[PDB]
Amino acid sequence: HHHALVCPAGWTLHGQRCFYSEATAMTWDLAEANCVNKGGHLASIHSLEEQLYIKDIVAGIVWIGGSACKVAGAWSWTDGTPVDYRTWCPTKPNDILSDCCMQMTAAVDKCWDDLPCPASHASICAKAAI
């Protein structure tokens, strides 16, 4: 269609996507599985515009959809979209395979870092708008 977009209840609209703030802390793998049960993925981020929109939703560290757990330093988004934007914190990522899941950190700018996937954090999901 070519009419106004909506999001399901509980999700918020930015552009062509809907976002869900999951306040329950969980491992990266549980957070991704949670987003898949809800029809989406942990959020991928493709511009500073998206970075800033998501920054404004969330209340602290959040898991997002990046991981590099197969080949060290080879980042992918769980939703299959391109890694065409990055905003890693200074000196990051460390690209150590033990610490291979991506999060927005507690810095105000929500710069990204790669942490152990078992760390327990809130998260953000995304999926296409309706």
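All residue numbers refer to positions in the sequence shown, first residue = 1.
- When the mean C-alpha temperature factors of 15 to 23 and 115 to 123 are read from the deposited coordinates, 15 to 23 comes out higher.
- For the two regions 86 to 94 and 55 to 63, the entry's Cα B-factors average higher over 55 to 63.
- Ranked against the other modelled residues of its chain, the C-alpha B-factor of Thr105 as given in the entry falls in the lowest third.
- In the deposited entry, the Cα temperature factor of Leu48 sits in the top third of values across the chain's modelled residues.
- For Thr81, the recorded CA temperature factor ranks within the highest third of the chain's modelled residues.
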